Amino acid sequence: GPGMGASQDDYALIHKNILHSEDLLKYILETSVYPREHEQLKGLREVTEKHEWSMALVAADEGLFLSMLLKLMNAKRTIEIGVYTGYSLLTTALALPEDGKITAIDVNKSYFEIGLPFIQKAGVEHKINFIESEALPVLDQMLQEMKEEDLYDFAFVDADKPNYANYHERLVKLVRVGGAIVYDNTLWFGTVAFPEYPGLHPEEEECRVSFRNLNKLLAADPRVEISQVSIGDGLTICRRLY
């Protein structure tokens, strides 16, 4: 109710990691990520680390992996659901060719305005069409308008976790055959490995349950082939088969 509002300090999982030690994750970042990170990504990350919802920021080693996937598959048209301050969005815009196009959807444009100066300085603002809205109505409107020529090569899903299965039903129609759908956070701080987990915030527990259900659904879905990858907070790559 009324008060000071939602803080990430009310959450139990902030300080959890899936790798063996903090030293191993720090090694990966210092050795293989920061030397390869665009200066505008570094600036965007450093401001976002000070923000009240910094827990949501995509892991930087995951960012470089998404960039690699976009280049290897020659993606040109992508969709991002869940923008926050724009780290994965700027990563994507830097990876695409000059004529690449991104549809970016987030309910809160004020977060996006934090990252927008870095996107402009990087010279890739022209690739981004940002839409301030809940994603589900936008996706349903796309399904009535988009033709086969406009299908996306790649979707990154990093928004409200309990809605992922709902996003999946739209995205298997909005991404081309042979295209990729990537779901962030599918290992949810390691909590998915347990049928019950003590002391979580109600929203954290709702996400543990939803990801356990989502991971089973994706593994059984004949419309896609999958790979769940223990990078960052876990991601699942889906490739559309038909």
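In case it trips you up, residue 1 is the first one in the sequence shown, and so on.
Undergrad: Taking the mean of the C-alpha B-factors per stretch from the entry, tell me the winner out of 119 to 127 and 139 to 147.
TA: According to the PDB entry, the answer is 139 to 147.
Undergrad: Comparing 175 to 183 with 192 to 200, where is the mean C-alpha B-factor higher?
TA: Mean C-alpha B-factor is greater for 192 to 200.
Undergrad: If you rank the chain by CA B-factor, which third does residue 9 end up in: lowest, middle or highest?
TA: It belongs to the highest third of the chain when residues are ordered by C-alpha B-factor.
Undergrad: Using the B-factor values recorded in the entry, state whether the Cα atom of residue 35 falls in the lowest, middle or highest third among the modelled residues of its chain.
TA: Middle third of the chain for residue 35's C-alpha B-factor.
Undergrad: Lowest, middle or highest third: where is residue 212 by Cα B-factor in its chain?
TA: Ranked within chain, residue 212 CA B lands in the lowest tercile.
Undergrad: Among all modelled residues of this chain, ranked by Cα B factor, put residue 22 in the bottom, middle or top third, i.e. lowest, middle or highest.
TA: CA B-factor rank for residue 22: highest third.
Undergrad: Test of reading the entry: by CA B factor among the chain's modelled residues, which third contains residue 169?
TA: Middle third by C-alpha B-factor.
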